[PDB]
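Just one chain follows, in the form deposited in one PDB entry, and it is written as structure tokens.
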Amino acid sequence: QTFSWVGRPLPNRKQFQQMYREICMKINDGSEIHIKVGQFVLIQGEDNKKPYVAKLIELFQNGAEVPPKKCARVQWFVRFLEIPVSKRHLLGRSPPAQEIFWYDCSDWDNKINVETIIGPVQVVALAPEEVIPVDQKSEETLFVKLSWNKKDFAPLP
């Protein structure tokens, strides 16, 4: 697949970087998939595993790499099984496959190469009372109720 910027560079005073609102991912079957800042994406992992989930917070052309690269800054989410086995019990319940967690930690480098993006995903914020359908296979829509900070789960504000 190939990527191209959509629109003009956004205003800023960053040296050697150009920021954009939107990118166009042209995939193998010919489709042109538009992804905007603020949307969520699936990100390719180590090939044995489910893709990571992240919110796009910035898109930028990075000239301080050679050759230059199209990049994104993201807000990470984490899937239940991406949380260490020894800490998962702290949730106090077994979440459905569709539930993910806002990753509240600066640990994971938040800059990625756009070439690692698989595509968009819908993510919906829920109140704790709300019910996720719990027998479902499809992950077309993921849901988030809580954050995880490496220590414990906390409700989103």
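Throughout, we count residues from 1 along the sequence that is shown. For clarity, a rigid core is taken as the largest C-alpha set superposing within 1.5 Å between two forms.
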Practice problem: Look over 115 to 123 and 25 to 33 in the entry and identify the one with the greater average Cα temperature factor. | Solution: 25 to 33
Self-check item: 65 to 73 versus 47 to 55 - which carries the larger mean C-alpha B factor in the record
Solution: 47 to 55
Quiz item: Per the entry, which of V41, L91, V131, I100 tops the list for Cα B factor?
Solution: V131
Self-check item: Chain-relative CA temperature factor third for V85
Solution: highest
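Just so it is clear, the following notes concern the form solved in complex with a partner chain, a form of the same protein that is not shown.
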Self-check item: Heavy atom distance at most 4.5 Å to the partner chain in the deposited complex, all of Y52, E82 and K111
Solution: yes
Exercise. Among 32 to 40, 99 to 107, 84 to 92, 121 to 129, mark the stretch whose residues have heavy atoms within 4.5 Å of the partner chain in the deposited complex.
Key: 99 to 107
Quiz prompt | Interface membership of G45, the partner chain in the deposited complex, 4.5 Å heavy atom rule | solution = yes
Practice problem: May I ask you to check whether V78 falls inside a 4.5 Å heavy atom distance of the partner chain in the deposited complex? | Solution: yes
Exercise. Mark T116 yes when one of its heavy atoms lies within 4.5 Å of a heavy atom of the partner chain in the deposited complex, and no otherwise.
Key: yes
Quiz item: Once the two forms are fit on the core, has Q136 moved its CA by at least 2 Å between the shown form and the other one?
Solution: yes
Self-check item: Cα-Cα trend for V78 and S138, given that in the deposited complex the distance shifts by 3 Å or more
Solution: farther
Quiz prompt | Outcome for the Cα pair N149, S138 in the deposited complex, compared with this form (closer or farther; change of 3 Å or more) | solution = farther
